[PDB]
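What the coordinates show
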Amino acid sequence: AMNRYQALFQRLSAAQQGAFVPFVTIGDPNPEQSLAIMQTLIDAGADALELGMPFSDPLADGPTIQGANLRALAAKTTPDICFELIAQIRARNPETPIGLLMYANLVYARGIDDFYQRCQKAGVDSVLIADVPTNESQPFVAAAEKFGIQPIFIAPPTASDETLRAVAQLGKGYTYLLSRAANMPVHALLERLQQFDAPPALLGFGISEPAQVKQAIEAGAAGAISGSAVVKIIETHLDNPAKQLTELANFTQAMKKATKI
Amino acid sequence: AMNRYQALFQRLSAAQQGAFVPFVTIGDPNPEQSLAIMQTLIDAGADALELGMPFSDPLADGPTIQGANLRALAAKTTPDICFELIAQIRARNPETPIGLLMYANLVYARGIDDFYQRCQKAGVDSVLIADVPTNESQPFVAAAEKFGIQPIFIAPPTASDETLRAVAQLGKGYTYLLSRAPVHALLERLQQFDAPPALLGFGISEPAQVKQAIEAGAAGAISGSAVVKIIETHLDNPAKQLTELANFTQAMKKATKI
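Residues numbered from 1 in each chain as written, not as in the entry; some residues may be left out. Chains lettered and ligands numbered in written order. Heavy atoms only, no water. Residues with missing side-chain atoms left out of burial classes, pairs and counts.

Its PDB record attributes the structure to X-ray crystallography, giving the resolution as 2.10 Å.

Next up on the list: the sheet that holds strand β3 (residues 98–102) of chain B. Residues and elements named next belong to chain B. Spatial strand order, β5-β4-β3-β2-β1-β9-β8-β7-β6: 9 strands in an open sheet with parallel pairing. Both edges of this open sheet fall to β5 (150–152) and β6 (154–155), since each of them pairs with a single strand only. Judged from the 3 bridges that link them, strand β1 (residues 19–25) and strand β2 (residues 49–52) form a sheet pairing that is parallel. Bridged to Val24 within β2 is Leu51. (Pairing = 2+ DSSP bridges. Helix = DSSP H or I, 4+ residues; strand = E, 2+ residues; numbered from the N terminus.)

For the rest of this paragraph, the subject is the interface of chain B and chain A. With 21 residues of chain B at the contact, the number on the chain A side is 19 residues. Buried area between chain B and chain A, both sides added, is near 1700 Å², and the carbon and sulfur share of it is 61%. Remark: the boundary between chain B and chain A carries 1 salt bridge. Between chain B and chain A we count 6 residue pairs in polar contact in total. Here the element with the most residues in the side of chain B that touches chain A is helix α5 (residues 104–109) of chain B; it accounts for 4 residues. (Contact = heavy atoms within 4.5 Å. Buried area = accessible area lost by both parts, 1.4 Å probe. Salt bridge = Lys/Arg side-chain N within 4 Å of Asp/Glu carboxyl O. Polar contact = N/O pair within 3.5 Å; in protein donor to acceptor, adjacent residues only side chain to side chain.)

Glancing now at the sheet that holds strand β7 (residues 201–203) of chain A. All names here are of chain A. The 8 strands are arranged β1-β2-β3-β4-β5-β6-β7-β8 in a closed barrel whose pairing can be described as parallel. Adjacent strand axes in the sheet meet at a mean angle of 30°, parallel and antiparallel pairs treated alike. As paired strands, strand β2 (residues 49–52) and strand β3 (residues 98–102) are joined by 4 bridges and run parallel to one another. Residue pairing in the sheet places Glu50 in a bridge with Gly99 of β3. Across the sheet, helix α11 (residues 228–236) is in contact with β1 (19–25) and β8 (223–226); its angle to β1 comes to roughly 50°. (Axes fitted to C-alpha atoms, helices over the stretch in contact; angles between N-to-C directions.)

Turning to the pattern of salt bridges, a few remarks are in order. Applying the stated criterion across every chain, the model contains 22 salt bridges over all chains. As a salt-bridge pair, A:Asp114 and A:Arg118 come within 2.7 Å of each other at their nearest N and O atoms. Pair noted here: A:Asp114 and A:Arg118 are both in helix α6 (residues 112–122), with a separation of 4 residues, about one helical turn. Here A:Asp114 falls in the partly exposed class, since its relative accessible area comes to 25%. Residue A:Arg118 is classed as partly exposed on the basis of its relative accessible area of 28%. One salt bridge in this structure joins B:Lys211 and B:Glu215, with 3.4 Å as the shortest N-O distance. Here B:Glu215 and B:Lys211 lie together in helix α10 (residues 207–215), a separation of 4 residues that amounts to about one turn. Here the salt bridges do not stand alone but share partners, grouping A:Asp80, A:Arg110, A:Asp114 and A:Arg118 into one network. (Buried < 20%, exposed > 50% of the residue type's maximum accessible area, 1.4 Å probe, protein only.)

All names here are of chain A. The geometry of α11 relative to helix α12 (residues 241–257) is characterised by a closest axis approach of 9 Å and an angle of 155° between their N-to-C directions. The angle between the axes of α11 and α12 places the two elements in the roughly antiparallel class. For the pair α11 and α12, the sense of crossing is right-handed. Between α11 and α12, the residues in contact are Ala229, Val230, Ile233 and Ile234 and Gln244, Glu247, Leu248 and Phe251, respectively. Each residue belonging to the contact of α11 with α12 can be placed in one class, and the counts come to 6 nonpolar, 1 polar and 1 charged. (Parallel < 35°, antiparallel > 145°, perpendicular 65-115°, else oblique. Left-handed = near helix turned anticlockwise from the far one by under 90°. Nonpolar A, V, L, I, M, F, W, Y, C, P; charged D, E, K, R; others polar.)

Below is the structure:
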C-alpha cells in the first residue's frame, strides 16, 4: 500500500494544491523548543517536514543552516536526541511525512544499517544523503530498502541520464530538484524526470518567498521546500521563543497559501 | 625520530621564517594540470601542501571550493587517482610535507583503516578530518596512529580547555587555527599545552595576512581558498595559470620572513 508521500501527493492534487515543506535543524535552539517549532510548522499547514541533524563543520561557517548547527550543538544535541524528538513528532502526528536531510558523516558514524533501523523505529519516511552521488549510493539504498525508508535524491539541472535512471530506479517519495536560479532548464528537467519515471519533484534551493512556491507549482513541480528561510526566522528571534513560533506559523501559512489554486 | 613536519619547522626556525601552506583540490582542473600545479606550488616555495579530494555536495554554500570539486569531478578525478598523484609528487619531492584536508565521507566510504593505509603507501604525512570534532575522533586517530599518519585538528577560538588539551595531546604535525589576525590568548594556551605549531587558516589570501599571522605569534599561515580562486580565473590558459600560481606563492612565502 501507499507510502506517506504517495498519499500526500494524490490527496493534494485532488485539492488542487501543491506541497509546502519547511526545513529545520533538529535541536535548534534546544530540544524542547525544537519540538515546539516542529509541531508549529505542522499545525500551521506544512505538508511534510524536512529535518537535519547538527554536526560541526568550522571551515564552512557562515550560512544560516550552519548557524543552526552551532546552536543545536551548543545545546548538546546528539543523534540519539534527534531520533527521540522525531519519535515524539511522529507519535503526535501519525499522518505527516517526515524526511531527513543527512550528510553521510552521521549515517556512517554508527553504521549505515544502524542508522536506517533507528529511522524506522522513529517513524521516518525518507532519507536524503546530501553528499553521496547516485552511483555510490548502493549501501544507503540497501539499508533504506531493508527498513522501508524512501531514498531521496538530488537532481541538479545538469543531471546525466545515468543519474536520472538511478533516481527513478532507486529513489522513492520525491525528487529534490536543486535549481540555482531562463525557465526552460526547469521545464526541461521536470519533463525529463517524468520520462524517466522519477518520483514527483520538489524545488528545493533558494526558496524563500511565497511567489517562488506558486511559480514552482505553475512550472509543474509537485511542491517546494524552504531551507534557510525557516531557520532564519528562528535565528532572528532567538531572544523570544514565543515570537519564534508565531513568526514561523505566519511564514508557513503564507508559503502554504501560495500552493493553492 | 622527526616526521616531515618536525624537520620542516626545525629548518624554518633556523631560517627565521614561518610556514606558508597553500591548499588545492586534487585533480582541479584536471589530473595532469593538477600535477603541474602541485609541482609549481612546491617550486615557488610552498613549505608544505594541503590537499583535498573532490566530492559532490551540491547543497553547499562556498562557490570557490564547490567549483573546484565540480571541475575535478568533470575531469573524472577519483580517490584512486588522488592517491596516484600524491605518490608522484612524493617521489619527486621526498621532503615536502603533504597534508590531506578530508571530509569524513570519503574516509568512511571504503573503510577508515583502508584510507589511512593508502595515505601511508602514498607518502601522506597528515590528515585533517574537517567534520568530526576532537572528542569524536577516536577511530581516525587510531587508524592514523596505526599507519604512521599525523592527525591534524582545528582549534576554533570558541573552544575551551579540554577540547584544547585534546587537540594538543592527540594532534601532530601542526594545529589548524581559524582565529583572525583573542588570538594572542588562544596561541598562548596552545603553546602552554605543548600543541604542535599553530598555523592560521582563516581568510588568508594576501601576503600581508601572512606577515600579520607571524607577527601575531603563529608558526605560519594556510591559504585555504586563494589558490583555488587563481585556478578558477585562469581556466582558459594553463601556462598562465601556472605563472600566476608561482608569482602568488613566491609573494606569500616572502611574507613569512620574520
